[PDB]
Structures are given as C-alpha cells and as structure tokens.
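See below for the structure under consideration.
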Amino acid sequence: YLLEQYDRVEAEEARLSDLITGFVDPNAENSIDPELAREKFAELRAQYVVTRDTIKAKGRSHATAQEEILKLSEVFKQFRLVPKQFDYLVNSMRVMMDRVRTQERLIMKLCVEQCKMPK
Amino acid sequence: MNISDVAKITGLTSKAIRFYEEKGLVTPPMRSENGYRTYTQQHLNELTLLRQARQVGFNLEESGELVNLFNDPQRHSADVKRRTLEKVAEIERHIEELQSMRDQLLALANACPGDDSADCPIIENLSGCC
Amino acid sequence: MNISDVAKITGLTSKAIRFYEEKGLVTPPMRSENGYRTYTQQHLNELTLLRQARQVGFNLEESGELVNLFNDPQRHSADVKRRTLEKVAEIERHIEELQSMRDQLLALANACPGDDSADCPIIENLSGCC
Ligand SMILES: [Cu+2]
Ligand SMILES: [Cu+2]
C-alpha cells in the first residue's frame, strides 16, 4: 500500500518529483518537502500497527476491530486519491481475482461438463 | 529542479550540464517520470564549483576531482592548495614560453621593412630555402 | 621524394603531413606508378615554412596562407608584418589573461590554510556555499 510505495520511492534517500505529488497530500479544504510527508505517512502507520492487531480480536468482524477498520477509513477519507501508480494496487486485486475466479471456472470446467450436477 | 532555471542560475545551458554528467562530473541528478533532470542545491553548488573550476583552469577531470573534494566532507585543504599551486606553476610556464614566442615574433616583424615588397624577410626567415 | 624524404628532412610526421595535404595547405604533389607522392624541393620549402607557421603559433589556416604567400611572390612584406603584429596582439591577450587569473590563484593561495582542513575555504568560495 501507499506507505510501501512511499518507502520504495524513498529507498534511495530522495525524491520530490511528480510521483509524490499524487500521494496523500491533504488539501486545505505542489512539491512536497520531507518532514510534512514523513508526518502524514506516520499516523497512518500508527493506525495500521494499532489496527492489524484487532483483526484477530475474536474475529475479522469484531466491534472494535471494525471500529479500527472504520477509523482507519475515516483517517483516509479526509485525504484524497493517489496517482495512476495506484492502478497496480487495483491490479493486485484483479490479477488475484482473475486467477481465483478462473480457478472456480476451471473447477466448473472439470465439474460441470463431463458429469451431471444440480444447479 | 527545473533544468532551465538551474542552468540560468549557474549560467550554463542544459547540454553543458548534460555533457558534464556524461563525464561523471557531479552527483547524479535523478529524472522525473516525464524525464526532467532532478537537480538540487547539491547540484547547484556542484555545478557552480565545476563552473568556476575551468574558468580558473581546472579541466573536466581535475574539476570533477574538485567536486569530489566538495562531496568529500573529509577533504584536506592541503592537497587542494597544493593543486592550486601546481596550477599556478603550469600557468607560469605557459606565460613564460608564450612570451618567448612573442619575443621571437616581434624580432621577426620589427626586422621586416613592411615595404609592400616581394622582399618579405619574415617568410624567408621562416622557410628553409636559399 | 617519398613522404619519408620530406618528412625526415623538414622534420614532420606522415600523419600531420598528409593531414596538411588533404587540408589543401600545400600543393598536390606529383604521383607515381603507384600513386606514391614523389615530393620535390617545392614541398620541402612549403613544409619548412608551414612548420615555422605552426611553431610560431599560427593556426593551420593562416599557416596555409603563409605558404601560399611564399610561392606567390606578389605578396607584400607589409601584409605579413601586420599579420605578425596582430598575432602578437593575441599573444598579449593570452599572456595578460594568464597573468591576471594567476595573480588571483595566488590570492587563493593567500586565503587558504592548506592545513588538511575539511573546512578548505577554497571549495567554499567556488561551491557557492553561504
Ligand atoms: Cu616582409
Ligand atoms: Cu583550506
């Protein structure tokens, strides 16, 4: 996720070019200096490290675990979308689903054509 | 940074900067995705150093070594000044021998009548005939 | 005369000689059964003069024109004389340039401690820090 891409671009100590200009960038409702980004990219890390622990808190769908889900979301919903790089983040779903989906189809290709089955 | 703004700040032009980067004479500036060479205050002062280095007389190579000096915060003012002084000496030799040449030219020319003649004594002093 | 002949007599090397030839500085020599350039005293004189255009410091072009004047006896001693004067003017330019900026190198020497300090102020004035 965006924290990963922001460290990958910060892998070699430096960048202020366009690919950061897409990133988090809260508009006060545009080159980005280090300290501002390092701050905006930090309380998100805090929401993660305090969020990923409650996923197991008596289930994926626990009250306060969903509170940290919805709160991480609300933490993001003040912010805006991030650049065409984020395209691959969506692809990382499709290329999974494209595969997963396909396997179901494949299983059906193995289950549904030769023998009879109910529908 | 904006590459034209940088080249005007240092007085150079972009292909000059690019020539110097081709010769590995500064810190590498990144590009942007569009391809704009990401210069810096680091590249600002590297380029100003590399600028005045040759106006002083340091070639592409030794001026690259000067940007090495700057990029070396471990640097030693001694060797810097020793090379400054070796340069002084080479300029001295240059001056001396250029003026020896000058003196020979002047001995040739004042020896000439300049009498719009076929009898140009200079050239026949220069040519190995007669 | 083969190229070794005028080369080892006047003293120039085969590369510089054929370079001067294809440059058109010098007369196209006669040629052989095999196209080897059988030079003559013409070319020997031309090439001694062409050197003493070089060693004197004329560029290749003005040097070619020196040798063209020589075998063109309608030349004027005055023209060669003013040429030498203009060349010595350029020598005065080159030498006073070196003198001035070397005086400034000496000022640089005066400024630096040269004491193995990574606060070498030379790098600090060139690299426009602060
Ligand atoms: Cu004359
Ligand atoms: Cu010093």
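The way I read the labels, and the way they are meant: chains A, B, ... in the order of the structure tokens, residue 1 as the first residue of every chain, and ligand 1 as the first ligand shown, with later ones counted on from there.
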Contacts of chain B with chain C up to 7 Å, shortest pair per row, only C-alpha atoms, as CSV:
residue,atom,partner,partner_atom,distance
B:45,CA,C:127,CA,4.6
B:46,CA,C:127,CA,6.2
B:48,CA,C:127,CA,5.5
B:49,CA,C:127,CA,4.3
B:52,CA,C:126,CA,6.4
B:56,CA,C:101,CA,6.9
B:70,CA,C:123,CA,6.2
B:73,CA,C:118,CA,5.8
B:74,CA,C:118,CA,5.5
B:75,CA,C:118,CA,4.4
B:76,CA,C:116,CA,3.7
B:77,CA,C:114,CA,4.4
B:78,CA,C:114,CA,3.7
B:81,CA,C:114,CA,5.4
B:84,CA,C:105,CA,6.9
B:88,CA,C:102,CA,5.9
B:91,CA,C:98,CA,6.4
B:95,CA,C:95,CA,5.5
B:98,CA,C:95,CA,6.9
B:101,CA,C:56,CA,6.5
B:102,CA,C:88,CA,5.9
B:105,CA,C:84,CA,6.5
B:109,CA,C:81,CA,5.3
B:112,CA,C:81,CA,6.5
B:113,CA,C:77,CA,6.9
B:114,CA,C:78,CA,3.5
B:115,CA,C:78,CA,5.7
B:116,CA,C:76,CA,4.0
B:117,CA,C:76,CA,4.7
B:118,CA,C:73,CA,5.4
B:119,CA,C:77,CA,6.3
B:120,CA,C:77,CA,4.0
B:123,CA,C:70,CA,6.6
B:126,CA,C:49,CA,5.2
B:127,CA,C:49,CA,4.1
B:128,CA,C:45,CA,5.6
B:129,CA,C:45,CA,6.1
Those residues you just picked out, can you put them in a file as a compact mmCIF listing (two decimals), in the first residue's frame with C-alpha atoms?
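Saved as out-v4.txt:
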# COMPACT_ATOMS: atom_id res chain seq x y z
CA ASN B 45 26.85 24.12 -5.71
CA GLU B 46 28.46 21.19 -7.55
CA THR B 48 28.97 26.35 -9.57
CA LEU B 49 32.18 24.69 -8.34
CA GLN B 52 34.50 28.32 -11.89
CA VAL B 56 40.26 29.13 -13.14
CA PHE B 70 33.34 19.04 -2.10
CA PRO B 73 33.49 16.37 3.74
CA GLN B 74 36.65 14.52 4.85
CA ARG B 75 38.61 16.74 2.48
CA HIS B 76 42.09 18.08 3.15
CA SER B 77 42.72 21.76 2.41
CA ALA B 78 46.40 20.91 1.90
CA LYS B 81 46.04 24.21 -2.17
CA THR B 84 46.09 25.25 -6.77
CA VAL B 88 49.96 28.43 -10.67
CA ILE B 91 50.28 28.85 -15.83
CA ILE B 95 53.19 32.60 -19.64
CA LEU B 98 54.19 32.22 -24.75
CA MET B 101 57.26 33.01 -28.67
CA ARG B 102 56.01 36.61 -28.60
CA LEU B 105 57.53 37.04 -33.43
CA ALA B 109 58.23 41.57 -37.50
CA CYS B 112 60.61 43.42 -41.52
CA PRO B 113 60.55 46.62 -43.64
CA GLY B 114 56.86 46.25 -44.37
CA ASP B 115 57.75 47.85 -47.68
CA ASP B 116 54.89 46.05 -49.51
CA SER B 117 57.65 44.08 -51.18
CA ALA B 118 58.25 40.68 -52.64
CA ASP B 119 61.22 41.08 -50.28
CA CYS B 120 59.26 39.91 -47.25
CA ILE B 123 58.73 34.37 -44.66
CA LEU B 126 60.56 31.04 -41.84
CA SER B 127 61.18 28.97 -44.99
CA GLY B 128 64.19 26.68 -45.39
CA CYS B 129 65.45 27.71 -48.84
Given a cut-off of 12 Å, which residues of chain B touch chain A, counting only C-alpha atoms, written out as a PyMOL selection string?
-> chain B and resi 1-2+28-40
Write the selection just made, keeping C-alpha atoms, as an mmCIF file, in the first residue's frame?
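File written: part02.cif
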data_model
loop_
_atom_site.group_PDB
_atom_site.id
_atom_site.type_symbol
_atom_site.label_atom_id
_atom_site.label_comp_id
_atom_site.auth_asym_id
_atom_site.auth_seq_id
_atom_site.Cartn_x
_atom_site.Cartn_y
_atom_site.Cartn_z
ATOM 1 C CA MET B 1 14.674 21.184 -10.187
ATOM 2 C CA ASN B 2 13.640 22.950 -13.345
ATOM 3 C CA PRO B 28 23.769 12.116 -10.383
ATOM 4 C CA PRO B 29 20.535 14.108 -10.561
ATOM 5 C CA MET B 30 17.501 11.898 -10.898
ATOM 6 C CA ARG B 31 14.923 12.324 -13.604
ATOM 7 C CA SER B 32 11.206 12.660 -13.101
ATOM 8 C CA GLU B 33 8.846 10.211 -14.813
ATOM 9 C CA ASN B 34 8.398 12.750 -17.599
ATOM 10 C CA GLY B 35 12.208 12.800 -17.708
ATOM 11 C CA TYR B 36 13.171 16.145 -16.169
ATOM 12 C CA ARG B 37 16.624 16.021 -14.628
ATOM 13 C CA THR B 38 16.056 16.463 -10.893
ATOM 14 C CA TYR B 39 18.771 18.925 -9.908
ATOM 15 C CA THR B 40 19.310 20.170 -6.364
#
Just the alpha helix (DSSP H) stuff from chain C, please, per backbone DSSP, written as a ChimeraX atom specification.
-> /C:3-10,14-22,41-54,60-70,77-111,121-126
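For segment 35-49 of chain A, the residues within 10 Å (counting only C-alpha atoms, excluding itself and residues fewer than 5 positions away along the chain) are residues 2, 3, 6, 7, 20, 23, 24, 25, 26, 54, 68, 69, 71, 72, 73, 75, 76 and 79 of chain A.
You will find atom CA of residue 11 of chain A at 25.8 Å from atom CA of residue 23 of chain B.
Using only C-alpha atoms, the smallest distance between any of B:9, B:107, B:130, B:26 and residue 71 of chain B comes from B:26.
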Distance in Å - atom CA of residue 96 of chain A versus atom CA of residue 59 of chain A | 23.6 Å
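Using only C-alpha atoms, the nearest neighbour of residue 27 of chain B within the list B:14, B:65, B:54, B:100 is B:65.
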